[PDB]
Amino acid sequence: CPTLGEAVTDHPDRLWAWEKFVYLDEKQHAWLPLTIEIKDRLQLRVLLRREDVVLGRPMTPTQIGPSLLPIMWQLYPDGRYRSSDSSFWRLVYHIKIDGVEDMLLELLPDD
């Protein structure tokens, strides 16, 4: 009756910013950043949720404009994602709850 979910082991290998607040992976799956949490005024934690949305033409980095989120995320061999801003993000979790698939990425201060 309460929230009963499970871990997902297949993470997208690439996320492209399609719009300001919509990303698409290699399977043409849309991920929506719903929440951005700021820890110690430095660390960012963004929650992305899978959703079937109606999309047309992708936007350019210019039309998208200034943001806290990268134009693209790329999965590295060590399991972390590299942002197009050259930063590295840790995958805190990737789960599925009653169909709802959520992924939580947290920014790291390395190289």
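So that there is no doubt, residue numbering starts at 1 and follows the sequence shown.
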So 81 to 89 or 52 to 60, which one's hotter by mean CA B-factor in the entry?
52 to 60
Read off the CA B-factors in the entry, average them over 72 to 80 and over 34 to 42, and name the higher stretch.
34 to 42
Report the third (lowest, middle or highest) to which the CA temperature factor of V100 belongs, ranking only the modelled residues of the same chain.
highest
Among the modelled residues of its chain, the C-alpha B-factor of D10 falls in the third labelled highest
